[PDB]
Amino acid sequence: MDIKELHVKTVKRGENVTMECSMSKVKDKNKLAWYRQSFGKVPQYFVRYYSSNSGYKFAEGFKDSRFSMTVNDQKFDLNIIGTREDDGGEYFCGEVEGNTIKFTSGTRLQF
């Protein structure tokens, strides 16, 4: 499989951010999720597709109202309103396919 570049986004505090993932090549939407990796930590499952109008469900424990998603037939996009230093890290969009996950997109959010 071909190596893919992270999108590198340099943001200021208070900026609003969108990190992109495409529905285009998704086989099973139920298996699709974003992963958040704080620097020097193991990545964590962050939010997944959900069969609702909003289209997503955050992992348990996670409440930060600043995070949401734009989910439709084309997009599985991750949004932050009023970004701050704590948000910094790498975010990966991946779809589970049998024994493994395949990541189709990722963004490094930095200040």
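Residue numbers here begin at 1 and follow the sequence given.
Colleague: State which stretch shows the higher mean Cα B factor in the entry: 24 to 32 or 72 to 80.
Modeller: Of 72 to 80 and 24 to 32, the stretch with the higher C-alpha B-factor average is 24 to 32.
Colleague: What stretch has the higher average Cα B-factor here, 45 to 53 or 61 to 69?
Modeller: Mean C-alpha B-factor is greater for 61 to 69.
Colleague: With respect to C-alpha B-factor, does residue 99 fall in the lowest, middle or highest third of the chain as deposited?
Modeller: Its C-alpha B-factor, which the entry lists for residue 99, ranks in the middle third among residues of this chain.
Colleague: Give the position of residue 11 by CA B-factor within its chain, expressed as the lowest, middle or highest third.
Modeller: Within its chain, residue 11 is a highest-third residue by C-alpha B-factor, going by the deposited values.
Colleague: Would you mind checking where the Cα B-factor of residue 110 ranks among the modelled residues of its chain, as the lowest, middle or highest third?
Modeller: Its C-alpha B-factor belongs to the highest third of this chain's values.
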